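Just below is one structure, and these are the notes that go with it.
Protein chains: 4
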Amino acid sequence: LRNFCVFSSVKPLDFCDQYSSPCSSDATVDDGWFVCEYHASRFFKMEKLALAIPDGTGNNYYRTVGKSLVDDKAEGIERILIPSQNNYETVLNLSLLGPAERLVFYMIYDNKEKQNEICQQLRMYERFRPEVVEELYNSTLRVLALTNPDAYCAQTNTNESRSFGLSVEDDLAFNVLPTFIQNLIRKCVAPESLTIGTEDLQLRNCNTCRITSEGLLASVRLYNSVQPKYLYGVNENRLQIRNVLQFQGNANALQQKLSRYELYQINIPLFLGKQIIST
Amino acid sequence: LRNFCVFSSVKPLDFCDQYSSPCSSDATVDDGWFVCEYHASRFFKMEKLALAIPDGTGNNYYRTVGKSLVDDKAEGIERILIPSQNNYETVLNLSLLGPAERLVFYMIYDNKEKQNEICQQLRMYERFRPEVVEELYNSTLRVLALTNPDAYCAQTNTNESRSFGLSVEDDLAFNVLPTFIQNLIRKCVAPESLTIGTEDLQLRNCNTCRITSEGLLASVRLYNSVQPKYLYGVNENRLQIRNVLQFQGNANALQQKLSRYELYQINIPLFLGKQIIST
Amino acid sequence: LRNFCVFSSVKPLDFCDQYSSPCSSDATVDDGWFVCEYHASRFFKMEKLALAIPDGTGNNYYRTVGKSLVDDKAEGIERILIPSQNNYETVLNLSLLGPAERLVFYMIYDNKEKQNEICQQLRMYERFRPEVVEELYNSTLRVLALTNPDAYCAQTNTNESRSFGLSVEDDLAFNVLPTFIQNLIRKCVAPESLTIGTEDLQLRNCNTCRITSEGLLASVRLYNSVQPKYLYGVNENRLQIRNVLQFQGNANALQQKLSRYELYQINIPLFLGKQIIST
Amino acid sequence: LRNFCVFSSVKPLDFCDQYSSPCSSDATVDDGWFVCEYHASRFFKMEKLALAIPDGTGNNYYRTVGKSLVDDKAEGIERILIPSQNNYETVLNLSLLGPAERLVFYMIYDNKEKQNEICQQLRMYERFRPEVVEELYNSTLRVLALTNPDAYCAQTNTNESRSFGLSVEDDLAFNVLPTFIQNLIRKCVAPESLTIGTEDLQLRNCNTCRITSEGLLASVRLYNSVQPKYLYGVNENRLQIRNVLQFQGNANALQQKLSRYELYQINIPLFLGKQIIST
Numbered sequence: 042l043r044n045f046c047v048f049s050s051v052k053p054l055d056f057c058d059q060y061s062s063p064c065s066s067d068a069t070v071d072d073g074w075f076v077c078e079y080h081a082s083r084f085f086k087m088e089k090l091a092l093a094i095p096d097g098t099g100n101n102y103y104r105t106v107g108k109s110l111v112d113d114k115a116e117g118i119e120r121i122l123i124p125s126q127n128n129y130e131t132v133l134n135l136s137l138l139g140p141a142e143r144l145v146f147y148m149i150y151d152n153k154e155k156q157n158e159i160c161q162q163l164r165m166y167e168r169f170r171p172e173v174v175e176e177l178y179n180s181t182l183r184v185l186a187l188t189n190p191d192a193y194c195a196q197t198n199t200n201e202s203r204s205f206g207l208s209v210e211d212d213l214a215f216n217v218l219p220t221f222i223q224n225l226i227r228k229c230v231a232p233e234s235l236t237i238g239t240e241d242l243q244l245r246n247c248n249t250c251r252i253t254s255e256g257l258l259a260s261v262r263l264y265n266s267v268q269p270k271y272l273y274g275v276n277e278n279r280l281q282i283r284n285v286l287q288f289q290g291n292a293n294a295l296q297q298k299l300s301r302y303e304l305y306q307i308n309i310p311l312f313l314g315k316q317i318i319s320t
Numbered sequence: 042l043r044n045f046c047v048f049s050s051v052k053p054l055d056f057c058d059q060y061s062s063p064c065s066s067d068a069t070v071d072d073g074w075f076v077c078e079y080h081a082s083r084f085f086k087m088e089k090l091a092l093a094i095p096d097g098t099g100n101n102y103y104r105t106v107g108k109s110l111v112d113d114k115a116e117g118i119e120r121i122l123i124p125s126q127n128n129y130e131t132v133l134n135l136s137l138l139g140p141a142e143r144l145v146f147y148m149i150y151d152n153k154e155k156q157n158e159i160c161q162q163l164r165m166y167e168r169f170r171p172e173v174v175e176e177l178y179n180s181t182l183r184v185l186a187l188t189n190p191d192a193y194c195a196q197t198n199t200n201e202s203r204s205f206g207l208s209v210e211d212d213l214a215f216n217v218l219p220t221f222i223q224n225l226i227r228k229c230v231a232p233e234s235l236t237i238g239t240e241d242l243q244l245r246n247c248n249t250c251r252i253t254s255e256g257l258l259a260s261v262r263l264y265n266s267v268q269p270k271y272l273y274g275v276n277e278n279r280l281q282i283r284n285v286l287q288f289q290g291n292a293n294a295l296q297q298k299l300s301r302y303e304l305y306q307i308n309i310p311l312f313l314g315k316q317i318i319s320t
Numbered sequence: 042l043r044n045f046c047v048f049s050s051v052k053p054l055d056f057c058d059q060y061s062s063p064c065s066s067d068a069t070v071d072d073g074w075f076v077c078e079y080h081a082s083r084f085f086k087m088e089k090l091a092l093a094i095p096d097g098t099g100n101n102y103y104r105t106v107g108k109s110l111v112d113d114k115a116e117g118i119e120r121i122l123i124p125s126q127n128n129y130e131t132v133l134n135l136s137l138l139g140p141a142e143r144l145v146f147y148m149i150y151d152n153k154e155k156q157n158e159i160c161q162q163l164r165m166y167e168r169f170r171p172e173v174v175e176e177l178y179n180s181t182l183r184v185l186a187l188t189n190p191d192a193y194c195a196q197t198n199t200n201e202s203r204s205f206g207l208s209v210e211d212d213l214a215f216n217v218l219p220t221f222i223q224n225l226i227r228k229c230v231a232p233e234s235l236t237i238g239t240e241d242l243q244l245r246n247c248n249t250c251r252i253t254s255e256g257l258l259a260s261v262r263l264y265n266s267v268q269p270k271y272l273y274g275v276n277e278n279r280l281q282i283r284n285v286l287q288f289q290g291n292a293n294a295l296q297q298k299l300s301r302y303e304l305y306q307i308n309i310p311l312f313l314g315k316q317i318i319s320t
Numbered sequence: 042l043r044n045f046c047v048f049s050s051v052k053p054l055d056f057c058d059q060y061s062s063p064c065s066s067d068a069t070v071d072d073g074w075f076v077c078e079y080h081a082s083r084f085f086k087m088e089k090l091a092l093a094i095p096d097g098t099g100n101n102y103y104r105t106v107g108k109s110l111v112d113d114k115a116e117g118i119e120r121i122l123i124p125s126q127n128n129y130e131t132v133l134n135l136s137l138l139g140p141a142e143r144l145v146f147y148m149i150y151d152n153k154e155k156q157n158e159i160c161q162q163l164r165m166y167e168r169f170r171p172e173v174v175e176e177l178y179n180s181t182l183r184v185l186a187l188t189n190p191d192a193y194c195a196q197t198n199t200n201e202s203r204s205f206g207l208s209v210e211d212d213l214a215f216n217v218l219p220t221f222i223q224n225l226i227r228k229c230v231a232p233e234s235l236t237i238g239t240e241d242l243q244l245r246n247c248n249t250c251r252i253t254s255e256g257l258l259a260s261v262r263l264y265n266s267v268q269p270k271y272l273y274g275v276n277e278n279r280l281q282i283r284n285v286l287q288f289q290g291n292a293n294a295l296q297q298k299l300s301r302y303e304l305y306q307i308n309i310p311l312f313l314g315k316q317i318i319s320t
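Protein chains in written order, with this note's numbering: chain R, 42 to 320; chain Y, 42 to 320; chain G, 42 to 320; chain Z, 42 to 320.
See the structure below:
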């Protein structure tokens, strides 16, 4: 597939796709997220990070992890990274989104009546472009089937096991998430303790997120101040005012002489659960 | 679509497709049957005919109709042109058919466990060709969705109405046929009386087939003796002996002088039901 | 006004207006119909004729009259030239008409909820073209106000009087027609007896139409066989079959020698009512 | 629109428009008042001010606010900035105003009989200039429709909310003001406390006006002494004597040395109500 992004087929009527930041080449490769960096940052409010695991030789067991983009000052529906069926409409703000985005999200969450009424309202557009709708639906449905744990092929790797907490509520809630949402969640949060073969590698002793009935949240108020490089960039006649935290400083307080050491950026990777890798 | 035939993606492991008679270019065009002439003759035992309706000027309202290939001498599961879910396994003889054909037929008739066990037995082949199965399933499923009366698009033309008899049992049985089977049946049998606009054109006063609980049958013993030009043509070490009817004759009995008149071949087109075409 | 046609502002999203036959220059001039020849023929199924009244000198008191386009063989909702509020939706077949046409017709007939839901469904288009809707509504509303007998200016000519029958039901029904419909009806049907000054000119002793509760109809089965020169001309995948009447003939039956006399075409002008012109 | 002023189409019979001070270019732009500075000062006795809201960076959230032109010494119908339907005739002194101004004001306040009798008395002028009246009415009516909260388009922004007091009488009276009057009032008085996003900016702790059953008044006797730069300037054979307050002074009392500091003019901006801006 040249485009593994689910939101790759998101087009207006006369489509020079919105893409203020063009979709990254990550959609071309099969890393398993099935979403490009731009769509991940815009919708799920997370970026992609290459988790490197050294072993003392030079080669690193590379992995994909989610990088939080929400700030510690946030509260409410803004702190949720990935919503569940309960309130995803309000979280993703599907009311004013483009009809292709609405369709894609609704049939990812699989609520029949919503895409039914989308088709009813799209019938008027259908007389101009009667071919894009079917191919868009086919591509998105086949992507969902590929990421679906149960299908015809149903490619299953029981050797990898993911635990999202020692409590019953956490995994019982995680069970009812959509198949694509489950696949994205399992492969965006790094394990707390990667159990590989007959040993355990303690990647992190603290969780940077939480899985609950409404989905994946940045529950901990870890301080984050990274700016998204693939911002929406649309002309904002609708103003969103925010409480920015800024400090002053001189050349002495801004210690440039400390810059020669390799930098340890304050990023917020998603760490939760245990990864059981037999053998 | 370059190939509307459902059995277009029927390939062995090393595929130079069986196709003793290559698939006709009818699969390229959208006549609605979604089966090529070779597959229609081999499986459903029918050919395709261009029903021309003159009106006194020269232009003909062309239509597609089914041409029976069964003989009047036949009895049993051989006289059924299209089977239903009841006995399609025995009618189509799926026991010894190629696995692609088995898969296609089973998921056309939508019996989950059969294609499930096909996948289980195909897992061994999967390690050699892990890409053809998914694309084959996707193409066949999208063809079924396109021929499905209910779907996302669900392109419906209520203006055309098809009646398959004045009895309750006939249409009640026709209702439970598969969606693709229903689409093929509605567009292979010519109407007894084509009701178009405010008038009725009596195409035929007699039915040449029957729709029952087991499907579409050549119930009437109409005499048929046309040979299929797209025969299976496979080396037959398994012998099928049949009771052929042959007559002798001289040059006088074989009246060549009668050949100058345009020929009226004894063919058996499928005629049944009434086509209500408002306006 | 460069364009007096009410349907002059009928545009698709990307508008190269449908107009298989371009709108005639009649919309440029103020003849009072406020509809061009193409829109009159397409919707109201009538054409425009120049009624000339000689007086024995050479100058003719020109007038505008409606020419029927329906055939004598017609019956039902097809024989009505102009519908009323009762069944104009079915008469004009507004279900599949373009949204601009639907809006124009609905606010001509003044049924609030219909153009309200048109606006609700047009909100999606509004984000692309937020300026055409307001100007279209303003132009059509000002045209309706100009043709409205009651307004600010309310230009009234009481000297001209129109009678649409000697029965109470006819004029009582004609009273409840829409203002634009009333203006079009009064100035499309020629008077039976033009009462001008102190004399009466008997234009016709027989009525060629009828005004009833559902509007203006071609009640009489007068034989009409003129073809519209401004036909819709759209690619018709939806077939309308009609019962055409045709006769054969040779050169003798087709008397070309009779052609030298000036022709008296069998046309069906709209004649009904009495025109009282004091002085 | 080149001219958003409602009183832009105010012309005498031979029109070189009165405009002792020509209409400002504010009518060209869409600030929402839909009245130019000259007409606002002449009729509503208020000017326009650019309310700048600094935030500590340099950019200012600009807004439009009304500047009072009445003096503290005034009493009676003179202290009302904007009248309601109760006594607008006496407030605006429509008795001797030009007929275009009378028409515009009356159909802004929507009292049918007044513009009806204006049309009756204007019939005599109509024979000379039968085209200006209709276009003037159309332009003014479309301006009122554009400023009308309810219309076909009915462009509504529920996110902005305006409160005109914590008492029931104030907002209940404000409800019955005309649509254009309501739009002008909502966008001429600055909020007491601009509630934006999740914070509140206290612009002013004291109200400089009042909204009552008769409209918008300068209830507080705040001292105002600014002269209008767009005065009526008409030759006044009808004398209006006023009680002017004047003080004497020398060069010492007129401290020119204090002028180097940036001046804080004693102006009277309209401050009342709370502006709720969600997000």
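Just so it is clear, CB atoms sit at the ideal spot from N, CA and C, and this is done for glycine as well.
Review point. Going by DSSP, which residues form a beta bridge with residue 315/Y?
Key: 204/Y and 234/Y
Practice item. Go ahead and label residue 229/R buried or exposed: buried means 16 or more other beta carbons lie within 10 angstroms of its beta carbon, across all protein chains shown. Key: buried
Exercise for review: With DSSP collapsed to three states, give me the class of residue 180/Y.
Suggested key: Helix, per DSSP.
**Study point:** Three-way DSSP call (helix, strand, coil) for residue 241/G in this model
**Key:** strand
Practice item. Could you check what DSSP says for residue 254/G in three-state terms: helix, strand or coil? Key: coil
Exercise for review: Check each candidate in 90/Y, 98/Y, 313/Y and 254/Y and name the one with the smallest Cα separation from residue 235/Y.
Suggested key: 313/Y
Check your understanding: Does DSSP classify residue 167/G as helix, strand or coil?
Key -> The DSSP-derived three-state label of residue 167/G is helix.
**Study point:** Residues in the region 265 to 281 of chain G having any Cβ partner in chain Y nearer than 8 Å
**Key:** 279, 280 and 281
**Study point:** Reduced DSSP secondary structure (H/G/I, E/B, other) of residue 307/G
**Key:** coil
Exercise for review: Report the partner residues of residue 104/Z according to the DSSP bridge assignment.
Suggested key: Paired residue(s): 92/Z.
**Study point:** Residue span of the alpha helix (DSSP H) that contains residue 226/Z, given as start and end
**Key:** Unbroken alpha helix (DSSP H) run through residue 226/Z: 220 to 227.
**Study point:** Three-state secondary structure (DSSP) of residue 121/G
**Key:** Of the three classes helix, strand and coil, the one that applies to residue 121/G here is strand, per DSSP.
Point to revise | residue 302/R, enclosing alpha helix (DSSP H) - first and last residue | key: Unbroken run through residue 302/R: none, as it is neither H nor E.
Check your understanding: residue 195/Z: which of 203/Z, 220/Z and 181/Z sits nearest, CA to CA?
Key -> 220/Z
Review point. Along chain G, in chain order, which residues have C-beta atoms closer than 7 Å to that of residue 156/R?
Key: Chain G residues near residue 156/R: none, gap ~16 Å exceeds 7 Å.
Practice item. Starting from residue 238/Z, find everything on chain R with Cβ-Cβ shorter than 7 Å and list it in chain order. Key: Residues of chain R passing the Cβ test: 282.
Check your understanding: residue 303/G versus chain Z: which residues are under 8 Å apart at the beta carbon?
Key -> Going along chain Z, no residue has its Cβ under 8 Å from residue 303/G, so there is no contact; the nearest lies around 42 Å.
Review point. Can the beta-carbon of residue 112/G be found less than 9 Å from the beta-carbon of residue 265/G?
Key: yes
**Study point:** Within-9 Å CB hit, residue 59/R to chain G
**Key:** With 9 Å as the cut-off, residue 59/R does not count as an interface residue toward chain G.
Point to revise | Within chain Y, the residues that residue 175/R reaches when beta carbons sit closer than 7 Å | key: Listed along chain Y are 194, each with a C-beta nearer than 7 Å to that of residue 175/R.
Point to revise | Residues near residue 44/R in its chain [Cβ-Cβ closer than 6 Å; skip 5 each side] | key: Excluding its 5 nearest sequence neighbours in each direction, residue 44/R has C-beta neighbours in its own chain below 6 Å: 68, listed in chain order.
Exercise for review: Determine, using beta-carbon pairs with one atom in the region 139 to 148 of chain G and one in the region 295 to 302 of chain G, whether at least three such pairs fall under 8 Å.
Suggested key: These segments do not touch.
Practice item. Look up residue 66/Y in the DSSP assignment and say whether it is helix, strand or coil. Key: helix
Exercise for review: Under 8 Å Cβ to Cβ from residue 120/R, same chain only, skipping five residues before and after it: list those, please.
Suggested key: Excluding sequence neighbours, residue 120/R sits near 111, 258, 259 and 260.
Point to revise | Check whether residue 249/Y and residue 309/Y have beta carbons under 9 Å apart | key: yes
**Study point:** Integer-rounded CB distance, given that residue 93/Y should sit under 8 Å from residue 103/Y
**Key:** 6 Å
Check your understanding: In the DSSP assignment, what are the bridge partners of residue 109/Y?
Key -> Residue 109/Y pairs with 87/Y.
Exercise for review: Just the C-alpha distance for residue 130/R and residue 190/R, rounded to the nearest angstrom, thanks.
Suggested key: 24 Å
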